[PDB]
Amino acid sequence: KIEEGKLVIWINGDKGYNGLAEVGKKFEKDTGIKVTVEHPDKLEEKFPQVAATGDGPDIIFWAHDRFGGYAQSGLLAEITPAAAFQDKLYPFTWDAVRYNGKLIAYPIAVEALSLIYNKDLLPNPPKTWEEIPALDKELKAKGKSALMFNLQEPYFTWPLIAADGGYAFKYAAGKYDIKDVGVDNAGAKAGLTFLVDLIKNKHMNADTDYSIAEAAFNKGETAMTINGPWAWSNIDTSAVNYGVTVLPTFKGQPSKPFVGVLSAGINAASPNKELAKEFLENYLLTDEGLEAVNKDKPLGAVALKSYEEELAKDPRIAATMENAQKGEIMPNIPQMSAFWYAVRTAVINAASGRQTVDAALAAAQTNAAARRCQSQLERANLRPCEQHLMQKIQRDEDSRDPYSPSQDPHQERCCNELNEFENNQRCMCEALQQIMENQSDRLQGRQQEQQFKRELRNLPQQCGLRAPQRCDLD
């Protein structure tokens, strides 16, 4: 489980975790509470998996977009700041940690990608994506290349995709229509197409990932890269003289980065909820705290109004905010992970040539708009079905297809719930399994239990719904 007394903190390996450990120590010098800071791999995946059972860190750091999922799963303890404190952080940033009218994490900083150029290799950076092929040609001559960024992650290639019309889920009347996915429209295609063409023409390489691009840029091998504030430190170390400017335009429109807001959320299974709140509110979210971290690795435009008033002077932050405004805040809904995985795949297959732009995006659209089982299960309230089945058993203890020689002398609300598993039978099964589990202990007899299994088994048919071929009800 989770030790009471200490604070364990998870944050991604590309963030200023050393800078955060310092705030960990200042907090310890004043508190005596041991603050541990870790940067595991795939922590945004691991957390859902571990916080579920009741383990993991007290605090979890990631971009706001994943927290909706965590919330829906009941993994995040709600956070509640006295009005005053809230007045210190930008409205904009508070919204990003708001799910179902609740605050589920603490905002830290606003992130957005910008175009980063080597002032040596390229005094004047291009205004347009279209300009780039010419450049690379020119640069290849001098033994260099025009541009290199991470292609393995959608986050990076999305600003171009989004430029001429691409979007994730439309925002219709105060909500996201997760059936209205715009990754397969003219714009998205145009964008991804241009991207692939760059590859087809030897201007960049489908296999290029983060570290490869970072190294290339930091060793002065390519004129341009695309990245976020976090990456500024390593360059500051690298002897390269760099500028940070607005991303190029495509078909005349600005690239539109998915703006994300670094957030800190408290494990809803942690004993140290108070300590956590005090840490984040009184130490991290302070001018010294943020600075300590921002020193290790730049946060972008911090959530706290006072320190940002300082940071704003930095031209790099200006360009960061410029790109951010051209962009859109990522949604934080549960379906976002689906969307991301979907697009990650499309981009890769298209980039690698396994598929065509039109095909890959078409698959992404289909898949990103498909509801996942785990989500549906969490949202399910299966009690009505439980109650129904129990009752039905009493009325069959003395009254077609009878169970025993003795049988041979709520339903709506339940079915309403099961309706949600009508398009995924494996899922329908899981829902039945969940029902079983939630009752096995309340089942006295055994005639009782198996006369429950069989009833449970043809429950979907009773609702006029589709049913699994097989379904183990251990």
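Start at 1 with the first residue shown and count on from there.
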{"query": "Residues with no coordinates between residue 399 and residue 400, taken from the deposited sequence as a class", "finding": "1 to 3"}
{"query": "Deposited residues lacking coordinates between residue 409 and residue 410 (none, 1 to 3, 4 to 9, 10 or more)", "finding": "10 or more"}
{"query": "Selected stretch [higher average CA B-factor]: 172-180 or 208-216", "finding": "172-180"}
{"query": "Residue range whose averaged C-alpha B-factor is higher in the record, 152-160 or 87-95", "finding": "87-95"}
{"query": "Candidate set 414, 63, 427, 443 [ranked by C-alpha B-factor, highest]", "finding": "443"}
{"query": "Most elevated Cα B-factor in the entry, residues 236, 130, 120, 111", "finding": "236"}
{"query": "CA B-factor placement of residue 25, once the chain's modelled residues are sorted into thirds", "finding": "highest"}
{"query": "Third of the chain's Cα B-factor distribution that residue 265 belongs to, per the entry", "finding": "lowest"}
{"query": "Chain-relative CA temperature factor third for residue 344", "finding": "lowest"}
{"query": "Chain-relative CA temperature factor third for residue 48", "finding": "middle"}
{"query": "Within-chain third of residue 2 by Cα B-factor, per the entry", "finding": "highest"}
